[PDB]
Each structure stands twice: as C-alpha cells, then as structure tokens.
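Visitor: these are from a larger complex, still in place; more later:
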Amino acid sequence: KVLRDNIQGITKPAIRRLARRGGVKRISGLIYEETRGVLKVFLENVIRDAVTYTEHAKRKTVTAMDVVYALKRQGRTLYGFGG
Amino acid sequence: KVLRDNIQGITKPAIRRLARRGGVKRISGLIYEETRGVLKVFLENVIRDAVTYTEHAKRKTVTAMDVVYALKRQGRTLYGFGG
Amino acid sequence: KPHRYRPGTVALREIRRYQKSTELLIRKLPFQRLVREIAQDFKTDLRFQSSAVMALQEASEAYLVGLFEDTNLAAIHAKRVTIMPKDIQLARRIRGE
C-alpha cells in the first residue's frame, strides 16, 4: 500500500531529455541522482504547502488551485490553471 | 547644483573595500567601472521607484519610508528605517 | 558499414528538437507515484486531482530546465562542456536555495 522507491521513476533518459531541453549536450553520470535529490527537495517544498492548503480547506483530496497558490508562493507563478 | 560625473565619486578603493567585505581576494582592473554601472542601474531603478512614491505623496522631500517601500518592492527589504 | 554520428551531433539534434517541442519529458505515472509517495510522508491517504499532478509536473521541469540553463552557463563559464554537480550546487547557492 505504501511506497518506498519512486525517485528512480524519474529515469536517466528523462533527465537527459530535460537537459537537452536545457541545452545541455554532455552530462556527467554523477548528475542524475543529485538532480533527483534537488527536484525532490523542490517537491516537498511545494507539497507541504499544498497539503497545508488542502487540509485548511477541510478537503482530503488535493485540488489544483491549491497547487497554483503553493507555486506562486515560491515566486514560481504558473499560468493556465488559476481558477 | 548641476553635477555630471559622480559615478566616479564611488572611488576605486571604495570598491576594493566593498570587495574585501565581500570576501574578494583579488580584483581585476576591469571590475570597477562595471560595478559602477551595475550599482548605477540598481540605484536608478530604486530611486525611480522612490521618486514615483514621492510624487504620489505630493512631496518633493524624499523620505526613507518611501525608500524602504521601494526596496521591499524589488524584493530587497531593509530593516531599521521606521518601517 | 553501420553509420555512427560523432558525439554531440545527435545530442544537438534532439536539443533542437526539444527546444522546438513543448511536450512533457517525464513519464507521467512514475511521477504520480513519486508525488503520492512524498505527499504520503506528510499526510496519509492523500488523493489527487490529475490536473493538480499535471501542474506539479510542469512546475517541476520548469524549475529543472531553468536550473539547467543556469548550470550550462556556469559550465561554459568554467570553460567546460560536461556538466558537474558542483555547477548545480553553485546555481542553487546563487539562487538562494
């Protein structure tokens, strides 16, 4: 029921694709797991606030405008889902 | 009353002092005029904001209250001036 | 003879492709698994609107991509073409993360 490993669900080729979108052509092997940790850090940084909004709404299911709020708190305002 | 070249009034040893407070061990010779331009651009941004606040206050006297409004508006909030 | 491109040529070609493309580079379902895993660590039995998971996605690689142009500029700043994790540490520290 519980989950233990999904950080490896972000595969090395997916990271390679993102770096090609980032304009990176050559990637060290040390990159991938450290970037997994960094993005994971960003993930609880956003999802803690998202959960806080969700419980403060007296909802158990996470809704998208809560995510919109939590992303504009980090100076990372997202367009196309507000409202 | 009318002054022209006070960007050079921020003298080179003053820039060296700022760098040594910034932990800079060696400074290139090309650094100083660039930093003059950088501090320039930063300062007309913040004082353009300050001027806009002051004219909105129907004043010609610049207050530090307007200054701290301007600095927190650019996300560079300063403490210690009555805010 | 089986053709083989020299290194960087292909990588530049999908650089151009993914700069052209707008599609999402993450396997969606493992990402959703990771979201539910991490969110369960703070509150149990969390249920997700799929649009929220999607928005969390494009926010995530928005941050990741912008990090990669930052680190790529850092690497070419250091006169190198192969990226190092210390470049990522530098970018995070300069951004104030």
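Guide: Arrived safely. Residues are numbered from 1 along each chain as shown, chains lettered A, B, ... in the order given.
Visitor: quick one, what contacts residue C:70?
Guide: Residues in contact with residue C:70 (Cβ atoms under 8 Å, 6 or more residues apart in numbering or on different chains) are C:91, C:94-95. In short, each C-beta sits where N, CA and C put it, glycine included.
Visitor: now the helix or strand harbouring it: buried residues?
Guide: Per DSSP states H and E: residue C:70 is located in helix C:50-77. Of the residues in helix C:50-77, C:52-61, C:63-65, C:67-68, C:70-72, C:74-75 count as buried by neighbour count, 16 or more other Cβ atoms under 10 Å in any protein chain shown.
Visitor: of the contacts of residue C:70, which is the nearest to residue A:81?
Guide: residue C:95 (24.2 Å; Cβ to Cβ).
Visitor: list the contacts of the spatially most central residue of chain C.
Guide: Residue closest to the average C-alpha location in chain C (Cα atoms, centre = their mean): residue C:64, at 4.0 Å. With contact taken as Cβ under 8 Å, 6+ apart, residue C:64 is in contact with A:18, A:22, A:35, A:39.
Visitor: let's see 10 Å
Guide: Residues near residue C:64 by Cβ atoms under 10 Å, 6 or more residues apart in numbering or on different chains: A:10, A:15, A:18-19, A:21-22, A:35, A:38-39, A:42, C:25-26.
Visitor: let's see if you can find the most crowded of those.
Guide: Neighbour counts for those, by other Cβ atoms under 10 Å in any protein chain shown, peak at residue A:19, which reaches 27 neighbours.
Visitor: identify the residue spatially nearest to residue C:15, adjacent ones excluded.
Guide: The shortest distance from residue C:15 to any non-neighbouring residue, by Cβ to Cβ, 6 or more residues apart in numbering or on different chains, is to residue A:20 (4.7 Å).
Visitor: off-centre distance for the helix or strand containing that neighbour?
Guide: Using DSSP H and E, the element containing residue A:20 is helix A:12-21. In this view, helix A:12-21 has its centroid 15 Å away from the chain centroid, taken as Cα atoms, centre = their mean, to the nearest Å.
Visitor: extend the structure above with chain D:
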Amino acid sequence: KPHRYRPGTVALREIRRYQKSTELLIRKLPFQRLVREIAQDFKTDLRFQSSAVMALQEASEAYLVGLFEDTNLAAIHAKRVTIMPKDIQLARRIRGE
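Guide: One more piece, chain D, placed on the ones above:
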C-alpha cells in the same frame, strides 16, 4: 631591507577587518551628490532626508556585497582567485537581471 608583505596577506587581513567591521565603506558626500544627481534626472528640485540617503547607501552596499560573494563563488567555481567581468555578468544573469 624595508619591510614588505607578500600579496594577499594584507588582502586577507583587510578581508577579516571588513568582515569584522560594520560601517559604510564609501564616502557620504559624493554618494549623496550622486543620489541627488540621478534623482534630478527623473524630476527636478528634489530634497532628501539624510536618513533616506543613508538607507540607499546601506542597501546599495549590501546589494553590492552580496553580488560580490556571488562573484567569489563564480571565480572559485571557475578555478580562479581573481574576479572577472564575466563573473559579475553571469551572477547578474543567474539572479535574473
């Protein structure tokens, strides 16, 4: 022979001093004169509280110093000890300006 310190020794000493010190590092009167000079460019006959000028001096010095530590991070990241114009340009662009 007359005494002479080797380079960097006095530099490290004043680094320790100015990290220890808290005062403003630029002269008050030319800074106020420059502030009046550039504020005159937007609107004419502006009067200044000295507290406002000191706040500008303080915020400017802190902003410049933080940019300088970013420059230091770039320089040690570039395997150098001498700061360079491209370091400040990079740091400004990474910060987003």
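Visitor: what about the buried residues of helix C:50-77 again, now that chain D is present?
Guide: Result for helix C:50-77 [16+ other Cβ under 10 Å]: buried residues C:52-61, C:63-75, C:77.
Visitor: for chain D, what's the nearest residue on chain A?
Guide: Proximity to chain D, evaluated over chain A using Cβ to the nearest Cβ, is greatest for residue A:75 at 9.9 Å.
Visitor: part of a strand, is that residue?
Guide: No - secondary structure assignment (DSSP: H, G, I helix; E, B strand; the rest coil) places residue A:75 in coil, not in a strand.
Visitor: re earlier: past the helix holding residue C:70, which element shows up next along the chain?
Guide: Past helix C:50-77, the next helix or strand by DSSP H and E is strand C:82-83.
Visitor: mind checking if that following strand is in reach of chain D?
Guide: No - using Cβ under 10 Å from any Cβ of the partner chain, strand C:82-83 stays clear of chain D, coming no nearer than 12.4 Å.
Visitor: which residues are contacting that strand?
Guide: Outside strand C:82-83, the residues that touch it by Cβ under 10 Å, 6+ apart are A:19, A:22, A:24-28, A:30-31, A:35, C:68, C:71-72, C:74-76.
Visitor: off-centre distance for it?
Guide: 15 Å.
Visitor: ok, stretch A:19-27 next?
Guide: 19 Å.
Visitor: buried residues in stretch C:17-27, which are they?
Guide: Buried residues in stretch C:17-27, counted by 16+ other Cβ under 10 Å: C:18, C:24-26.
Visitor: closest to chain D out of those residues?
Guide: If you rank the buried residues of stretch C:17-27 by distance to chain D using Cβ to the nearest Cβ, residue C:18 comes first, at 22.0 Å.
Visitor: please report how far residue C:17 lies from chain B.
Guide: According to Cβ to the nearest Cβ, to the nearest Å, residue C:17 stands 36 Å off from chain B.
Visitor: before we move on, what about residue A:22?
Guide: Distance, residue A:22 to chain B, by Cβ to the nearest Cβ: 25 Å.
Visitor: another chain to add, chain E:
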Amino acid sequence: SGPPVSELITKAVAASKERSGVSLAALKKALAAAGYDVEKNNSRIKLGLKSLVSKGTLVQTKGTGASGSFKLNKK
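Guide: Chain E added:
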C-alpha cells in the same frame, strides 16, 4: 621550402641555454621571431620535437611530451 623545422628547433634550444630547458611557448616565440608560421604547424612542431627527443638529441626537462621545458643533450 628551406631546411626542415628541426634546425629551427635546435637553434631555439641553443639560443638561450637557461638552467632550466626552453619551453614550448618560448621556442614558438623564438621561431616566430626567427620567422616561421607556427600557428598552423603546431602539430608539425610537436611531432618534430617528439622525434628529436626520441633521437636523444634533446631531453625534456620537467614536462611530458610536448609540454614543459626542453634542453639539449650532454654532448
């Protein structure tokens, strides 16, 4: 045409005779002063210097290969 680069290299190493050997950059500057288009002949000068190292005419002082300092034999 003229003579090959080997006479140029041995003239460059015999021109100075420092306690340390002459370096690659110093010998390239010496041949630029003497007159040679060294900008396209970097591979040519590298192969020539490595070949004359293998002859035993020159011994490399501190560097390895075409890097470092270069000094002539005992005799």
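Visitor: once more for the buried residues of helix C:50-77, now including chain E?
Guide: Neighbour count says helix C:50-77 has C:52-61, C:63-75, C:77 buried, by 16+ other Cβ under 10 Å.
Visitor: what is the neighbour count of the residue of chain C found nearest chain B?
Guide: Across chain C, the shortest distance to chain B (Cβ to the nearest Cβ) belongs to residue C:96, at 10.6 Å. For residue C:96, the count of nearby residues is 8 (other Cβ under 10 Å).
Visitor: and residue A:56, by the same measure?
Guide: 9.
Visitor: what's it sitting at in phi/psi?
Guide: phi -70, psi -20 (degrees, to the nearest 10).
Visitor: isn't it right up against residue A:66?
Guide: Yes - using Cβ atoms under 10 Å, residue A:56 and residue A:66 qualify as a contacting pair, with a distance of 9.0 Å.
Visitor: just the angle between the helix holding residue C:70 and helix D:50-77, please?
Guide: Taking axes from the mean of the first three to the mean of the last three Cα atoms, to 10 degrees, one finds helix C:50-77 and helix D:50-77 inclined to each other by 70 degrees.
Visitor: and helix C:50-77 with chain B, contact?
Guide: No - using Cβ under 10 Å from any Cβ, helix C:50-77 stays clear of chain B, with a minimum separation of 15.0 Å.
Visitor: that helix vs helix A:12-21, what angle?
Guide: 60 degrees.
Visitor: coming back round to it: restricting to C-alpha, output the helix holding residue A:20 in PDB.
Guide: C-alpha atoms of helix A:12-21 as PDB (Å, rounded to 0.1, in the frame of the first residue of the first chain):
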ATOM      1  CA  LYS A  12      18.200   8.800 -16.600                       C
ATOM      2  CA  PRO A  13      16.900   9.200 -20.200                       C
ATOM      3  CA  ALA A  14      14.100  11.500 -18.900                       C
ATOM      4  CA  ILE A  15      16.800  13.600 -17.200                       C
ATOM      5  CA  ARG A  16      18.800  13.500 -20.400                       C
ATOM      6  CA  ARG A  17      15.700  14.800 -22.300                       C
ATOM      7  CA  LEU A  18      15.300  17.600 -19.900                       C
ATOM      8  CA  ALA A  19      18.900  18.600 -20.200                       C
ATOM      9  CA  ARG A  20      18.600  18.700 -24.000                       C
ATOM     10  CA  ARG A  21      15.600  21.000 -23.400                       C
END
